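Starting off, we have a lone chain in the form solved without the named molecule, written out as structure tokens.
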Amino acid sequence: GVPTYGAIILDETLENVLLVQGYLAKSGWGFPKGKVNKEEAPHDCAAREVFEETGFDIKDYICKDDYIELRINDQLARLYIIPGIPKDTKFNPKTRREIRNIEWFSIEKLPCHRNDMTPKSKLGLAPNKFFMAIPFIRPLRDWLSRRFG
């Protein structure tokens, strides 16, 4: 898999995160991110994908050591952590063939796992519109605890 890069954008209170909603296969809510081009540095891909999907330029705010990285089915995803962006910021995708909506969500209300179906004696997981964000939620809460208490 080609690595992906993007951002976890938080507001000034540290309560809220910015998610984006795609279409079709990407029809739920997730962090803004995308696949690296040939020769492109990680920090540059993260600002490019985030600017295409949100209209906000993170390049002046990226810190090189502040990120959460996960490997999911043998594809690496790294999201740079960007705190203190005001909730009244105007966000506007470039690409509205790709992005349906852009919204702030309360971190403490987001799920950090999907629910099973053990009430129906059935295997697997119930559908959840946050499926693409979910793997990052617990590592983000632990990172914010360590760095801010």
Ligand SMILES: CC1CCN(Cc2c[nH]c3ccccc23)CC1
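All residue numbers refer to positions in the sequence shown, first residue = 1.
Keep in mind the form solved in complex with the named molecule is missing from the figure; the text below concerns it.
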Find the only residue in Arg96, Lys122, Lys64, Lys109 having a heavy atom within 4.5 Å of the named molecule in the entry with it bound. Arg96
Does the 4.5 Å heavy atom contact test between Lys38 and the named molecule in the entry with it bound come out positive? no
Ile81: touches the named molecule in the entry with it bound, heavy atom cutoff 4.5 angstroms: no
Looking in the entry with it bound, any heavy atom of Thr118 within 4.5 Å of the named molecule? no
Could you confirm whether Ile85 comes within 4.5 Å of the named molecule in the entry with it bound, counting heavy atoms only? no
Given a 4.5 Å distance limit between heavy atoms, list every residue of 80 to 105 close to the named molecule in the entry with it bound, or none if there are none. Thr89, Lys90, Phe91, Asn92, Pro93, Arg96, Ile99, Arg100, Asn101, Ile102, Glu103, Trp104
